[PDB]
Amino acid sequence: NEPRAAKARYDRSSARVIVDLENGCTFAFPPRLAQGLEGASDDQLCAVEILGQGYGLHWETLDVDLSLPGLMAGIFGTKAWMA
Amino acid sequence: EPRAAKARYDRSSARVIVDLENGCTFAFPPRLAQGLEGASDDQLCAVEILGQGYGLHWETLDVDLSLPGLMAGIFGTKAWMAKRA
């Protein structure tokens, strides 16, 4: 019953992480709104992978894991962080 | 919460692109939504934002969709989804 990431990439042109959902929808976010991705280089941002069934966005080397539902709910970090 | 700042139909990709007020972007193919299955490109362009900004509205067609619902993967009433055998 949930949207699930089929593909994920970092678009350098638009400076966005574009997630293609499995139901035909798309979600994009500027990575420097997300806790963990601050000061990540373009090269580092490209490493994005899909994990969970398809509910998590993962960066192995950076050791960052973002909740796709959280991101789409508007949650990009901890209360403390979102300030 | 996320809220629609701008909404438009992109004929090229046949999607409704929604610019969220928090900086993100959500795109959904509107013909998968209840009440828009048969609308024309022309008709789809009439999209408007209503509610503080949680609803997409089409005046003439008299269709109202929920942004959070659409982002949750909900495109219509369960009764409607079921009427697709």
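The record deposited in the PDB is entitled "Crystal structure of protein of unknown function (YP_427503.1) from Rhodospirillum rubrum ATCC 11170 at 2.75 A resolution".

Caption draft 1: Spotlight on the overall build of chain B. Helix and strand counts for chain B come out as three helices and six strands. In sequence order, chain B lays out its α and β elements as β-β-β-α-β-β-β-α-α. Computed over C-alpha atoms, the radius of gyration of chain B comes to 12 Å, within 12% of the 12 Å expected from 2.2 N^0.38 for 85 residues, which places it in the range of a compact globule. Taking the principal axes of its C-alpha atoms as reference, chain B extends roughly 40 × 25 × 25 Å. The long-range share in chain B, meaning contacts at least 24 apart out of those at least 6 apart in sequence, stands at 39%.

Caption draft 2: How the structure looks around the side chain of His57(B). All names here are of chain B. With respect to the element layout, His57 can be found in strand β5 (residues 55–58). Residue class for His57 comes out buried when judged on its relative accessible area of 8%. Within the structure, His57 has its side chain in polar contact with the side chain of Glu59 (distance 3.1 Å). In terms of polar contacts, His57 uses its side chain to reach the side chain of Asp64, at 2.6 Å. With residues up to four places along the chain from it excluded, the contact list for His57 reads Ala46, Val47, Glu48, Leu50, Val63 and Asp64.

Caption draft 3: A look at the sheet that holds strand β4 (residues 49–51) of chain A. Residue and element names in this part refer to chain A. On the basis of which strands lie adjacent, the open sheet formed by three strands has the order β4-β5-β6 and antiparallel pairing. Each end of this open sheet is capped by a strand with a single partner; those strands are β4 and β6 (64–67). When the angles between neighbouring strand axes are averaged without regard to direction, this sheet yields 30°. One ladder, built from four bridges, connects strand β5 (residues 56–59) with β6; its direction is antiparallel. By the bridge assignment for β6, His58 is matched with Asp65.

Caption draft 4: Structural view of the side chain of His58(A). Residues and elements named next belong to chain A. With respect to the secondary-structure elements, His58 resides in strand β5. Residue classification places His58 among the buried residues on the basis of a relative accessible area of 9%. At a separation of 2.7 Å, a polar atom in the side chain of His58 contacts the side chain of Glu60. If near-sequence neighbours (up to four positions away) are discounted, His58 is found in contact with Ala47, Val48, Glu49, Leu51, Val64 and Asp65.

Caption draft 5: Expanded view of the nonpolar core. Counting residues in each nonpolar core, the largest one holds 43 residues, and the members touching the most others are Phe27(A), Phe29(A), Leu66(A), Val18(B), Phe26(B), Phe28(B) and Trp58(B). When neighbours within four sequence positions are excluded, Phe27(A) is seen to be in contact with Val17(A), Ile18(A), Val19(A), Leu68(A), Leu71(A), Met72(A), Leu20(B), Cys24(B), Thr25(B) and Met71(B).

Caption draft 6: Molecular detail of the sheet that holds strand β2 (residues 15–20) of chain B. The strand order across the open sheet formed by six strands is β1(A)-β2(A)-β3(A)-β3(B)-β2(B)-β1(B), and the pairing between neighbours is antiparallel. The outermost strands of the open sheet, each flanked by one partner alone, are β1 (5–11) of chain A together with β1 (4–10) of chain B. Adjacent strand axes in the sheet meet at a mean angle of 15°, parallel and antiparallel pairs treated alike. One ladder, built from three bridges, connects strand β3 (residues 26–29) of chain A with strand β3 (residues 25–28) of chain B; its direction is antiparallel. In the sheet register, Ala28(A) faces β3(B), and the bridge partner there is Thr25(B).

Caption draft 7: Geometry of the pairing of β5(B). Residues and elements named next belong to chain B. Alternating positions in β5 separate into two faces, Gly55 and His57 on one and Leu56 and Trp58 on the other, with burial throughout. Of the pairings in the sheet, the one linking strand β4 (residues 48–50) to β5 comprises three bridges and is antiparallel in character. When the sheet's bridge partners are listed, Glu48 is paired in β5 with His57. When β5 meets strand β6 (residues 63–66), the two strands line up antiparallel, connected through four bridges. By the bridge assignment for β6, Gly55 is matched with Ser66. If you look at the hairpin formed by β5 and β6, you'll find four residues sitting between the two strands, and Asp62 has a positive phi there, around 60°.

Parameters and conventions
- Residues numbered from 1 in each chain as written, not as in the entry; some residues may be left out.
- Chains lettered and ligands numbered in written order.
- Heavy atoms only, no water.
- Residues with missing side-chain atoms left out of burial classes, pairs and counts.
- Helix = DSSP H or I, 4+ residues; strand = E, 2+ residues; numbered from the N terminus.
- Rg over C-alpha atoms; globule rule 2.2 N^0.38 Å.
- Contact = heavy atoms within 4.5 Å.
- Buried < 20%, exposed > 50% of the residue type's maximum accessible area, 1.4 Å probe, protein only.
- Polar contact = N/O pair within 3.5 Å; in protein donor to acceptor, adjacent residues only side chain to side chain.
- Pairing = 2+ DSSP bridges.
- Axes fitted to C-alpha atoms, helices over the stretch in contact; angles between N-to-C directions.
- Core = buried A, V, L, I, M, F, W, Y, C linked by side-chain atoms within 4.5 Å.

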